[PDB]
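Colleague: Supplied structure: query.cif, mmCIF, C-alpha atoms.
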data_structure
loop_
_atom_site.label_atom_id
_atom_site.label_comp_id
_atom_site.auth_asym_id
_atom_site.auth_seq_id
_atom_site.Cartn_x
_atom_site.Cartn_y
_atom_site.Cartn_z
CA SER A 5 8.39 4.93 -8.25
CA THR A 6 6.31 2.80 -5.87
CA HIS A 7 2.78 4.03 -5.29
CA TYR A 8 1.46 1.25 -2.97
CA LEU A 9 2.68 -1.68 -0.96
CA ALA A 10 0.21 -4.41 -0.09
CA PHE A 11 1.37 -6.89 2.55
CA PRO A 12 0.07 -10.50 2.57
CA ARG A 13 -2.34 -10.04 5.47
CA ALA A 14 -4.31 -7.84 3.06
CA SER A 15 -4.37 -10.72 0.47
CA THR A 16 -6.46 -13.86 0.35
CA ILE A 17 -4.15 -16.93 0.67
CA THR A 18 -5.80 -20.32 0.29
CA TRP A 19 -4.99 -22.30 3.46
CA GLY A 20 -3.34 -19.19 4.85
CA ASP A 21 -4.88 -19.59 8.35
CA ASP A 22 -4.06 -23.31 8.50
CA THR A 23 -0.84 -23.73 10.49
CA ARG A 24 -0.20 -27.14 8.89
CA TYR A 25 0.46 -25.37 5.58
CA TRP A 26 1.30 -21.69 6.26
CA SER A 27 2.90 -19.72 9.09
CA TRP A 28 3.13 -15.98 9.79
CA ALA A 29 6.06 -14.07 11.22
CA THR A 30 6.32 -10.45 12.30
CA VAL A 31 9.27 -8.43 10.94
CA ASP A 32 10.28 -4.77 10.74
CA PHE A 33 9.80 -3.06 7.37
CA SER A 34 11.24 0.47 7.68
CA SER A 35 9.28 1.94 10.64
CA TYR A 36 6.40 -0.65 10.35
CA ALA A 37 5.61 -4.16 11.69
CA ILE A 38 4.61 -6.47 8.92
CA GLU A 39 3.91 -10.21 8.80
CA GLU A 40 5.52 -12.31 6.10
CA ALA A 41 3.48 -15.28 4.95
CA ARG A 42 5.68 -18.41 5.07
CA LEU A 43 4.60 -21.35 2.93
CA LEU A 44 5.52 -24.66 4.54
CA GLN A 45 3.90 -26.94 1.95
CA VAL A 46 0.76 -27.04 -0.25
CA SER A 47 -0.47 -28.58 -3.49
CA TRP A 48 -2.92 -25.63 -3.91
CA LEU A 49 -0.96 -22.40 -4.05
CA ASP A 50 -3.06 -19.29 -4.40
CA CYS A 51 -2.45 -15.70 -3.25
CA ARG A 52 -4.74 -12.80 -4.37
CA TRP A 53 -4.84 -9.12 -3.53
CA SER A 54 -7.87 -7.04 -4.62
CA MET A 55 -7.70 -3.21 -4.90
CA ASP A 56 -10.07 -0.89 -6.76
CA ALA A 57 -9.06 0.79 -10.07
CA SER A 58 -10.18 4.09 -8.44
CA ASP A 59 -7.18 3.69 -6.10
CA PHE A 60 -5.00 4.52 -9.09
CA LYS A 61 -4.55 7.41 -11.55
CA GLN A 62 -6.05 7.06 -15.02
CA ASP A 63 -4.11 7.21 -18.32
CA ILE A 64 -0.89 6.02 -16.51
CA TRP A 65 1.01 2.72 -17.00
CA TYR A 66 1.45 0.86 -13.77
CA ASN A 67 3.47 -2.28 -13.25
CA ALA A 68 3.08 -4.71 -10.35
CA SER A 69 5.57 -7.07 -8.71
CA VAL A 70 5.66 -9.45 -5.80
CA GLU A 71 8.63 -9.78 -3.45
CA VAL A 72 9.37 -13.33 -2.30
CA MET A 73 12.10 -15.62 -0.98
CA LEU A 74 12.71 -19.36 -1.29
CA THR A 75 13.58 -21.03 2.01
CA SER A 76 16.24 -23.66 2.73
CA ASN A 77 13.37 -26.18 2.53
CA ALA A 78 12.30 -25.03 -0.95
CA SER A 79 11.05 -27.70 -3.36
CA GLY A 80 8.35 -28.21 -6.01
CA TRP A 81 9.21 -25.11 -8.08
CA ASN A 82 10.01 -26.94 -11.35
CA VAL A 83 6.39 -26.09 -12.38
CA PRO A 84 5.05 -22.82 -13.91
CA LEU A 85 3.91 -20.33 -11.32
CA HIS A 86 0.98 -18.36 -12.81
CA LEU A 87 1.06 -14.53 -12.54
CA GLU A 88 -2.20 -12.65 -13.07
CA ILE A 89 -3.71 -9.14 -13.08
CA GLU A 90 -7.49 -9.06 -13.62
CA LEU A 91 -9.04 -5.74 -14.59
CA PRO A 92 -12.61 -4.51 -13.82
CA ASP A 93 -13.95 -5.66 -17.22
CA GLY A 94 -12.75 -9.26 -16.60
CA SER A 95 -9.79 -9.00 -18.99
CA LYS A 96 -6.44 -10.27 -17.72
CA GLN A 97 -2.70 -10.00 -17.97
CA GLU A 98 -1.29 -13.52 -17.63
CA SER A 99 2.29 -14.77 -17.52
CA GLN A 100 4.36 -17.50 -15.81
CA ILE A 101 7.72 -18.04 -14.13
CA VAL A 102 9.69 -21.13 -13.03
CA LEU A 103 11.32 -20.60 -9.65
CA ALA A 104 13.20 -23.92 -9.50
CA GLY A 105 16.17 -22.17 -11.07
CA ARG A 106 16.35 -19.66 -8.19
CA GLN A 107 18.74 -19.52 -5.24
CA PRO A 108 17.17 -19.55 -1.74
CA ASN A 109 17.28 -17.13 1.18
CA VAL A 110 17.47 -14.14 -1.15
CA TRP A 111 14.63 -11.60 -1.70
CA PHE A 112 13.67 -11.18 -5.34
CA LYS A 113 10.85 -9.42 -7.17
CA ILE A 114 8.66 -11.11 -9.70
CA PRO A 115 6.92 -8.80 -12.22
CA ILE A 116 3.24 -9.90 -12.60
CA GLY A 117 2.02 -7.46 -15.33
CA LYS A 118 1.33 -3.86 -16.41
CA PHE A 119 -1.98 -2.06 -16.85
CA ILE A 120 -3.38 1.34 -17.72
CA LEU A 121 -6.80 2.57 -16.71
CA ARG A 122 -8.95 4.35 -19.31
CA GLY A 123 -12.71 4.88 -19.64
CA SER A 124 -14.77 2.06 -18.06
CA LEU A 125 -11.75 0.52 -16.33
CA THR A 126 -11.09 3.59 -14.07
CA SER A 127 -13.39 2.13 -11.34
CA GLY A 128 -14.01 -1.45 -10.01
CA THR A 129 -11.98 -4.33 -8.65
CA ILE A 130 -8.46 -5.16 -9.81
CA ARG A 131 -7.00 -8.52 -8.75
CA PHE A 132 -3.30 -9.11 -8.42
CA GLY A 133 -2.27 -12.69 -7.82
CA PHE A 134 -0.16 -15.80 -8.31
CA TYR A 135 -1.05 -19.52 -8.20
CA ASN A 136 -0.16 -23.12 -8.98
CA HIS A 137 -2.83 -25.79 -8.54
CA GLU A 138 -0.91 -28.85 -9.72
CA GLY A 139 -0.86 -32.01 -7.64
CA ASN A 140 2.78 -31.57 -6.55
CA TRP A 141 3.98 -30.20 -3.20
CA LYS A 142 5.11 -26.56 -3.27
CA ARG A 143 7.33 -25.90 -0.26
CA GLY A 144 9.34 -23.03 1.19
CA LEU A 145 8.10 -19.74 -0.28
CA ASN A 146 8.00 -16.63 1.93
CA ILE A 147 5.98 -13.65 0.63
CA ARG A 148 6.99 -10.07 1.57
CA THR A 149 4.71 -7.68 -0.39
CA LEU A 150 2.82 -6.67 -3.53
CA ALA A 151 4.29 -3.44 -4.95
CA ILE A 152 2.58 -1.22 -7.53
CA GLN A 153 4.88 1.25 -9.33
CA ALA A 154 4.41 3.84 -12.11
CA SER B 5 0.29 -5.15 11.66
CA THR B 6 0.49 -2.98 8.54
CA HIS B 7 -1.75 -4.06 5.70
CA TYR B 8 -1.01 -1.27 3.14
CA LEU B 9 1.38 1.57 2.56
CA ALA B 10 0.29 4.39 0.29
CA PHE B 11 3.06 6.77 -0.81
CA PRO B 12 2.27 10.44 -1.64
CA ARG B 13 2.47 10.04 -5.42
CA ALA B 14 -0.71 7.97 -5.04
CA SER B 15 -2.39 10.90 -3.13
CA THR B 16 -3.85 14.13 -4.40
CA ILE B 17 -1.81 17.08 -3.01
CA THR B 18 -3.12 20.56 -3.80
CA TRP B 19 -0.27 22.44 -5.54
CA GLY B 20 1.73 19.23 -5.49
CA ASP B 21 3.01 19.63 -9.08
CA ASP B 22 3.88 23.32 -8.57
CA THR B 23 7.61 23.56 -7.83
CA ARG B 24 7.14 26.96 -6.16
CA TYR B 25 5.29 25.22 -3.31
CA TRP B 26 6.20 21.49 -3.30
CA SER B 27 9.21 19.40 -4.33
CA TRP B 28 9.68 15.64 -4.75
CA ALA B 29 12.71 13.57 -3.83
CA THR B 30 13.47 9.93 -4.51
CA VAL B 31 14.61 7.80 -1.54
CA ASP B 32 15.04 4.11 -0.78
CA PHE B 33 12.32 2.47 1.34
CA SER B 34 13.42 -1.12 2.02
CA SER B 35 13.94 -2.55 -1.50
CA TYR B 36 11.75 0.17 -3.20
CA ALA B 37 12.25 3.69 -4.66
CA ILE B 38 9.73 6.09 -3.28
CA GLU B 39 9.31 9.86 -3.59
CA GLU B 40 8.75 11.94 -0.49
CA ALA B 41 6.61 15.02 -0.98
CA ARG B 42 8.45 18.04 0.48
CA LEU B 43 6.33 21.06 1.37
CA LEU B 44 8.25 24.30 0.88
CA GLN B 45 5.41 26.69 1.71
CA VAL B 46 1.61 26.98 1.19
CA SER B 47 -1.42 28.63 2.75
CA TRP B 48 -3.63 25.81 1.34
CA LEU B 49 -2.43 22.49 2.71
CA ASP B 50 -4.35 19.48 1.48
CA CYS B 51 -3.29 15.85 0.99
CA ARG B 52 -5.85 13.08 0.20
CA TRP B 53 -5.52 9.39 -0.55
CA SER B 54 -8.57 7.47 -1.85
CA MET B 55 -8.81 3.65 -1.60
CA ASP B 56 -11.92 1.47 -1.89
CA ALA B 57 -13.52 -0.20 1.18
CA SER B 58 -13.38 -3.47 -0.83
CA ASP B 59 -9.57 -3.25 -0.49
CA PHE B 60 -10.05 -4.13 3.17
CA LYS B 61 -11.53 -6.99 5.22
CA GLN B 62 -14.97 -6.50 6.75
CA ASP B 63 -15.81 -6.68 10.48
CA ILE B 64 -12.17 -5.68 11.37
CA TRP B 65 -10.96 -2.45 13.09
CA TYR B 66 -8.36 -0.68 11.05
CA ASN B 67 -6.38 2.35 12.11
CA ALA B 68 -4.59 4.75 9.76
CA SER B 69 -1.54 6.96 10.29
CA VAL B 70 0.61 9.29 8.27
CA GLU B 71 4.40 9.44 8.58
CA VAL B 72 5.89 12.93 8.30
CA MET B 73 8.89 15.07 9.24
CA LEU B 74 9.29 18.79 9.95
CA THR B 75 12.25 20.35 8.15
CA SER B 76 14.81 22.85 9.49
CA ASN B 77 12.69 25.50 7.72
CA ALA B 78 9.48 24.46 9.52
CA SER B 79 7.05 27.22 10.48
CA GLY B 80 3.30 27.91 10.59
CA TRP B 81 2.37 24.81 12.64
CA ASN B 82 0.81 26.65 15.61
CA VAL B 83 -2.57 25.99 13.89
CA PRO B 84 -4.74 22.81 14.03
CA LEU B 85 -3.93 20.33 11.31
CA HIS B 86 -7.17 18.53 10.37
CA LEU B 87 -7.11 14.69 10.17
CA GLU B 88 -9.94 12.96 8.30
CA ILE B 89 -11.20 9.53 7.21
CA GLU B 90 -14.34 9.63 5.03
CA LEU B 91 -16.28 6.40 4.63
CA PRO B 92 -18.42 5.33 1.61
CA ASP B 93 -21.66 6.60 3.21
CA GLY B 94 -20.20 10.13 3.64
CA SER B 95 -19.68 9.77 7.40
CA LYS B 96 -16.30 10.87 8.77
CA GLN B 97 -13.76 10.43 11.49
CA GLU B 98 -12.33 13.88 12.27
CA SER B 99 -9.59 14.96 14.65
CA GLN B 100 -6.79 17.56 14.85
CA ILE B 101 -3.16 17.92 15.93
CA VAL B 102 -0.83 20.90 16.51
CA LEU B 103 2.64 20.23 15.15
CA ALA B 104 4.27 23.47 16.37
CA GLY B 105 5.29 21.61 19.51
CA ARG B 106 7.27 19.04 17.48
CA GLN B 107 11.02 18.74 16.94
CA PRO B 108 12.26 18.78 13.31
CA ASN B 109 14.21 16.30 11.22
CA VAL B 110 12.62 13.34 12.99
CA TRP B 111 10.06 10.96 11.41
CA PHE B 112 6.87 10.64 13.42
CA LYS B 113 3.47 9.05 12.80
CA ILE B 114 0.23 10.88 13.20
CA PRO B 115 -2.86 8.70 13.82
CA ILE B 116 -5.76 9.96 11.61
CA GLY B 117 -8.62 7.63 12.73
CA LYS B 118 -10.02 4.09 12.99
CA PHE B 119 -12.83 2.45 11.02
CA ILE B 120 -14.59 -0.87 10.65
CA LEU B 121 -16.47 -1.96 7.55
CA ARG B 122 -19.89 -3.59 7.97
CA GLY B 123 -22.89 -3.95 5.64
CA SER B 124 -23.18 -1.07 3.13
CA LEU B 125 -19.73 0.31 3.94
CA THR B 126 -17.85 -2.83 2.68
CA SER B 127 -17.60 -1.31 -0.86
CA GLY B 128 -16.99 2.26 -2.19
CA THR B 129 -14.45 5.02 -1.75
CA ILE B 130 -12.63 5.72 1.51
CA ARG B 131 -10.69 8.98 1.79
CA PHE B 132 -7.73 9.40 4.08
CA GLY B 133 -6.40 12.91 4.41
CA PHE B 134 -5.05 15.93 6.26
CA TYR B 135 -5.46 19.69 5.64
CA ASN B 136 -5.18 23.26 6.88
CA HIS B 137 -6.71 26.04 4.79
CA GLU B 138 -5.97 29.03 7.02
CA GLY B 139 -4.37 32.15 5.58
CA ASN B 140 -0.99 31.52 7.25
CA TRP B 141 2.10 30.04 5.59
CA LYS B 142 2.72 26.35 6.35
CA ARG B 143 6.36 25.54 5.64
CA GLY B 144 8.68 22.56 5.90
CA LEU B 145 6.63 19.35 6.08
CA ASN B 146 7.91 16.21 4.33
CA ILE B 147 5.43 13.35 3.85
CA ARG B 148 6.63 9.71 3.79
CA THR B 149 3.53 7.46 3.63
CA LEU B 150 -0.04 6.60 4.63
CA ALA B 151 -0.08 3.32 6.60
CA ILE B 152 -3.18 1.24 7.29
CA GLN B 153 -2.85 -1.31 10.13
CA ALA B 154 -5.19 -3.82 11.80
#
With the file now loaded, output its structure as structure tokens.
Modeller:
Amino acid sequence: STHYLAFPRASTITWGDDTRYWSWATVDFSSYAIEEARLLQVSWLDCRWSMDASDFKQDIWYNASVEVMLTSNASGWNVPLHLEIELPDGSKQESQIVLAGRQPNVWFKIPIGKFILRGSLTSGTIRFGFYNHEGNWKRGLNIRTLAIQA
Amino acid sequence: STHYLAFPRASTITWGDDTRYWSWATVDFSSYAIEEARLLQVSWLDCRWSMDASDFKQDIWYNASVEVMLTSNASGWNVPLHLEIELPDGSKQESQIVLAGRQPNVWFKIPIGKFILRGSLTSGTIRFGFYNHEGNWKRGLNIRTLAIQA
């Protein structure tokens, strides 16, 4: 059951206000207007949401996913895309996915980790993110939302 | 443009786990499963989301709204429903709406305030909420989501 949705405008996307690299497009999401972030091309791919641990209930396992689509112009995905959750104490969940195998123009959710908040970690920043910083061109990824479920 | 959605499971609802007063129902919201909170009847109506100011961008006016519906069994709305945003420094936006005038079985958004985060208020808890604590029975309110736009 989904507790929060965090749209890309709330994230920090490196080069996200440079129209050479990223565009933004308004779409309806249920009753709301959201803007999808549409990657044209970068070598430095980096998207990071930050939300406080106090936003969440303690002693409860949450899992987080990002909803994305590969465009008709998709290339450069044969590399590992890093998936990260960083907790208030600096500890991290870290995993990777290869998107090159995926079909375009279809929404799909990538799981980026699970966490539970106990003791010290029940307050302070939590980062949710994904990145690839290799010197190859990543093209044609549209980002819909971060979802946090429990 | 909507930056976050916060579903009721993330909120604190007084009597929200008592099945005499509230029920919960799973529904599809775009690609996600959410649970609407369905008020049967209470005298003490109180729903509060908490999210940190650091979740948001500074020097930017945000507005917040709650999406709700009145059921076929709706009564007790001829009173003022309090709408509140409490900022990290303890200051508040406070307003009120009378729902008795509203038609049931139709989703509608109630604006609960605007805020901007500058200086000290760019970190620390922000509460978003609504309440009525009068000794009359409030019946038949379903709650879909808190939305924060900018």
Colleague: Determine which residues of chain B sit within 10 Å of chain A, taking into account all atoms listed in the file, and present them as a PyMOL selection string.
Modeller: chain B and resi 5-16+30-39+53-61+71+111-113+127-130+149-154
Colleague: What does the distance between CA of residue 75 (chain B) and CA of residue 114 (chain B) come to in Å, to one decimal place?
Modeller: 16.1 Å
Colleague: Need the shell around residue 17 (chain B): protein/DNA/RNA residues with any atom at most 7 Å away, counting only C-alpha atoms. Skip same-chain ones fewer than 6 positions apart. Format as a PyMOL selection string?
Modeller: chain B and resi 50-52
Colleague: So which residues touch residue 45 (chain A) within 8 Å, counting all atoms listed in the file, skipping near sequence neighbours fewer than 6 positions away, as a count of residues only?
Modeller: 6
Colleague: Residues around (5.9, 22.6, 16.0), cut-off 9 Å, counting all atoms listed in the file - what are they as number ranges by chain?
Modeller: B: 74, 78-82, 102-108
Colleague: Starting from the shown file, work through the PyMOL selection byres ((chain B and resi 116-121) around 9) and note down what comes out as an mmCIF file with C-alpha atoms, in the coordinates of the input.
Modeller:
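The file below, selection-v7.cif, is the result:
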data_model
loop_
_atom_site.group_PDB
_atom_site.id
_atom_site.type_symbol
_atom_site.label_atom_id
_atom_site.label_comp_id
_atom_site.auth_asym_id
_atom_site.auth_seq_id
_atom_site.Cartn_x
_atom_site.Cartn_y
_atom_site.Cartn_z
ATOM 1 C CA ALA B 57 -13.520 -0.200 1.180
ATOM 2 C CA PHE B 60 -10.050 -4.130 3.170
ATOM 3 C CA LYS B 61 -11.530 -6.990 5.220
ATOM 4 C CA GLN B 62 -14.970 -6.500 6.750
ATOM 5 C CA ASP B 63 -15.810 -6.680 10.480
ATOM 6 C CA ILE B 64 -12.170 -5.680 11.370
ATOM 7 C CA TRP B 65 -10.960 -2.450 13.090
ATOM 8 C CA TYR B 66 -8.360 -0.680 11.050
ATOM 9 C CA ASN B 67 -6.380 2.350 12.110
ATOM 10 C CA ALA B 68 -4.590 4.750 9.760
ATOM 11 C CA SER B 69 -1.540 6.960 10.290
ATOM 12 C CA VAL B 70 0.610 9.290 8.270
ATOM 13 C CA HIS B 86 -7.170 18.530 10.370
ATOM 14 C CA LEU B 87 -7.110 14.690 10.170
ATOM 15 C CA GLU B 88 -9.940 12.960 8.300
ATOM 16 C CA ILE B 89 -11.200 9.530 7.210
ATOM 17 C CA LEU B 91 -16.280 6.400 4.630
ATOM 18 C CA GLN B 97 -13.760 10.430 11.490
ATOM 19 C CA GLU B 98 -12.330 13.880 12.270
ATOM 20 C CA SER B 99 -9.590 14.960 14.650
ATOM 21 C CA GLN B 100 -6.790 17.560 14.850
ATOM 22 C CA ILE B 114 0.230 10.880 13.200
ATOM 23 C CA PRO B 115 -2.860 8.700 13.820
ATOM 24 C CA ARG B 122 -19.890 -3.590 7.970
ATOM 25 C CA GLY B 123 -22.890 -3.950 5.640
ATOM 26 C CA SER B 124 -23.180 -1.070 3.130
ATOM 27 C CA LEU B 125 -19.730 0.310 3.940
ATOM 28 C CA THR B 126 -17.850 -2.830 2.680
ATOM 29 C CA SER B 127 -17.600 -1.310 -0.860
ATOM 30 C CA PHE B 132 -7.730 9.400 4.080
ATOM 31 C CA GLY B 133 -6.400 12.910 4.410
ATOM 32 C CA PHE B 134 -5.050 15.930 6.260
#
Colleague: Would you give the centre and edge lengths, in Å to one decimal, of a box along x, y and z around the listed atoms of region 142-150 of chain A, with 6 Å added to each side, as JSON?
Modeller:
{"center_x": 6.1, "center_y": -16.6, "center_z": -0.8, "size_x": 18.5, "size_y": 31.9, "size_z": 17.5}
Colleague: Separation of CA of residue 73 (chain B) and CA of residue 147 (chain B), in Å?
Modeller: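 Going from CA of residue 73 (chain B) over to CA of residue 147 (chain B) covers 6.6 Å.
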Colleague: Which distance in Å separates CA of residue 77 (chain B) and CA of residue 109 (chain B), to one decimal?
Modeller: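 Spanning CA of residue 77 (chain B) to CA of residue 109 (chain B) is a straight-line distance of 10.0 Å.
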Colleague: Restricting the calculation to only C-alpha atoms, which member of A:24, A:29, A:40, A:18 is positioned closest to residue 72 (chain A)?
Modeller: A:40
Colleague: Need the shell around residue 47 (chain B): protein/DNA/RNA residues with any atom at most 8 Å away, counting only C-alpha atoms. Skip same-chain ones fewer than 4 positions apart. Format as a list in words?
Modeller: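 Once the adjacent positions are removed, what remains is residues 136, 137, 138, 139, 140, 141 and 142 of chain B.
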Colleague: Return the single residue from B:41, B:19, B:85, B:96 that is closest to residue 135 (chain B), with distances computed using only C-alpha atoms.
Modeller: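 Between B:41, B:19, B:85, B:96, the residue approaching residue 135 (chain B) most closely is B:85.
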Colleague: For region 71-89 of chain A of the block above, can you save N, CA, C and O atoms as an mmCIF file, in the first residue's frame?
Modeller:
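Contents of out18.cif, freshly written:
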data_model
loop_
_atom_site.group_PDB
_atom_site.id
_atom_site.type_symbol
_atom_site.label_atom_id
_atom_site.label_comp_id
_atom_site.auth_asym_id
_atom_site.auth_seq_id
_atom_site.Cartn_x
_atom_site.Cartn_y
_atom_site.Cartn_z
ATOM 1 N N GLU A 71 9.144 4.674 -10.935
ATOM 2 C CA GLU A 71 8.443 4.426 -12.188
ATOM 3 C C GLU A 71 9.049 5.209 -13.366
ATOM 4 O O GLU A 71 9.260 6.439 -13.329
ATOM 5 N N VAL A 72 9.414 4.481 -14.409
ATOM 6 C CA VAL A 72 10.136 5.062 -15.540
ATOM 7 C C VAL A 72 9.618 4.419 -16.828
ATOM 8 O O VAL A 72 8.931 3.377 -16.795
ATOM 9 N N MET A 73 10.030 5.041 -17.949
ATOM 10 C CA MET A 73 9.822 4.520 -19.288
ATOM 11 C C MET A 73 11.047 4.826 -20.163
ATOM 12 O O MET A 73 11.727 5.839 -20.018
ATOM 13 N N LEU A 74 11.381 3.878 -21.036
ATOM 14 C CA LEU A 74 12.395 4.108 -22.059
ATOM 15 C C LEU A 74 11.690 4.573 -23.324
ATOM 16 O O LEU A 74 10.624 4.036 -23.649
ATOM 17 N N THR A 75 12.246 5.616 -23.944
ATOM 18 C CA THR A 75 11.662 6.240 -25.122
ATOM 19 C C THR A 75 12.113 5.475 -26.380
ATOM 20 O O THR A 75 13.006 4.633 -26.321
ATOM 21 N N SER A 76 11.493 5.798 -27.514
ATOM 22 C CA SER A 76 11.912 5.293 -28.807
ATOM 23 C C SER A 76 13.368 5.635 -29.114
ATOM 24 O O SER A 76 13.930 5.043 -30.026
ATOM 25 N N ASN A 77 13.938 6.652 -28.455
ATOM 26 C CA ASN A 77 15.299 7.066 -28.723
ATOM 27 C C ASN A 77 16.270 6.461 -27.708
ATOM 28 O O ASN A 77 17.479 6.743 -27.771
ATOM 29 N N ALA A 78 15.791 5.522 -26.888
ATOM 30 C CA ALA A 78 16.590 4.952 -25.814
ATOM 31 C C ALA A 78 17.893 4.307 -26.309
ATOM 32 O O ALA A 78 17.884 3.398 -27.137
ATOM 33 N N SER A 79 19.015 4.721 -25.724
ATOM 34 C CA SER A 79 20.268 3.995 -25.856
ATOM 35 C C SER A 79 21.183 4.263 -24.658
ATOM 36 O O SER A 79 20.998 5.220 -23.904
ATOM 37 N N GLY A 80 22.215 3.416 -24.496
ATOM 38 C CA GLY A 80 23.227 3.631 -23.468
ATOM 39 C C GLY A 80 22.913 2.930 -22.146
ATOM 40 O O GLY A 80 23.527 3.256 -21.145
ATOM 41 N N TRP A 81 22.017 1.928 -22.186
ATOM 42 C CA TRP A 81 21.474 1.307 -20.983
ATOM 43 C C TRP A 81 22.198 0.015 -20.654
ATOM 44 O O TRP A 81 21.924 -0.568 -19.619
ATOM 45 N N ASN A 82 23.178 -0.382 -21.492
ATOM 46 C CA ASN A 82 23.892 -1.639 -21.308
ATOM 47 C C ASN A 82 24.818 -1.557 -20.089
ATOM 48 O O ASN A 82 25.518 -2.521 -19.809
ATOM 49 N N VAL A 83 24.740 -0.466 -19.303
ATOM 50 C CA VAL A 83 25.576 -0.247 -18.137
ATOM 51 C C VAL A 83 24.733 -0.488 -16.879
ATOM 52 O O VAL A 83 23.501 -0.612 -16.934
ATOM 53 N N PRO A 84 25.345 -0.638 -15.693
ATOM 54 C CA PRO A 84 24.565 -0.785 -14.460
ATOM 55 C C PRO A 84 24.031 0.561 -13.996
ATOM 56 O O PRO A 84 24.769 1.524 -13.894
ATOM 57 N N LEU A 85 22.708 0.626 -13.759
ATOM 58 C CA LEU A 85 22.141 1.809 -13.189
ATOM 59 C C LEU A 85 22.130 1.585 -11.675
ATOM 60 O O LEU A 85 21.468 0.633 -11.232
ATOM 61 N N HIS A 86 22.781 2.479 -10.921
ATOM 62 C CA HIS A 86 22.869 2.355 -9.470
ATOM 63 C C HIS A 86 21.562 2.829 -8.807
ATOM 64 O O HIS A 86 20.984 3.881 -9.147
ATOM 65 N N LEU A 87 21.099 2.050 -7.824
ATOM 66 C CA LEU A 87 19.905 2.298 -7.029
ATOM 67 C C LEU A 87 20.329 2.397 -5.556
ATOM 68 O O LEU A 87 21.047 1.511 -5.057
ATOM 69 N N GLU A 88 19.928 3.486 -4.909
ATOM 70 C CA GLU A 88 20.419 3.807 -3.573
ATOM 71 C C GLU A 88 19.310 4.410 -2.694
ATOM 72 O O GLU A 88 18.487 5.221 -3.167
ATOM 73 N N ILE A 89 19.293 3.942 -1.429
ATOM 74 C CA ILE A 89 18.618 4.546 -0.286
ATOM 75 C C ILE A 89 19.674 4.854 0.781
ATOM 76 O O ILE A 89 20.336 3.970 1.264
#
